Amino acid sequence: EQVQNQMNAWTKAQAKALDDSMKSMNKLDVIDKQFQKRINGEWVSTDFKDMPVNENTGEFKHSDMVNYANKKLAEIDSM
Amino acid sequence: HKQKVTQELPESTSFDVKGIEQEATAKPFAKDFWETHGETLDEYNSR
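Going line by line, the protein sequences match chains S and U.
Every position in the first sequence, counted from 1, becomes a number in the UniProt record's numbering once 356 is added.
Every position in the second sequence, counted from 1, becomes a number in the UniProt record's numbering once 177 is added.
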């Protein structure tokens, strides 16, 4: 009944680690959706400072576009 | 405690796009006439 009390905290520290790595995937998904709405012929900006933000993503940093930019090119190279 | 930092590194890729190559510098019309009709343009109009 001490190890149970330890797991109540270790699980909280694992859910706070799948919160900061699902944010960093939400941001790439929304950046892809922005690029795709811009390509298919719709007038919405694609700067990282103009994405939408909904507490599943947080504020967008610059490095969350670099990451995306090297990941479309990586995916297009593999087709 | 396990180190939560792996030697695994992030990967960026080059914007390597190849389109269509260009045709080389085609010969000048004077040299064209030369190595095809063996005589320059001046020597062809003198007739």
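For each residue, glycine too, the CB sits at the ideal point set by N, CA and C.
Contacts that residue i makes with chain U (C-beta to C-beta distance below 7 Å)
i	result
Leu384(S)	In chain order: nothing, as chain U lies at least about 13 Å away.
Interface flag, residue i vs chain U, CB-CB below 7 Å
i	result
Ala430(S)	yes
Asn426(S)	yes
Candidates the options: closest to residue i by CA position
i	options	result
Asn410(S)	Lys368(S), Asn364(S), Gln370(S) and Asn382(S)	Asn382(S)
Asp388(S)	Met363(S), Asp433(S) and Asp420(S)	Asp420(S)
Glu398(S)	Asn361(S), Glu431(S) and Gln390(S)	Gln390(S)
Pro205(U)	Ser223(U), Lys181(U) and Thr217(U)	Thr217(U)
Under 7 Å from the C-beta of residue i: neighbouring residues of chain S
i	result
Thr190(U)	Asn426, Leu429, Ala430 and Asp433
Contacts around residue i, its chain only, beta-carbon distance under 8 Å, and the 5 residues preceding and following it disregarded
i	result
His418(S)	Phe404
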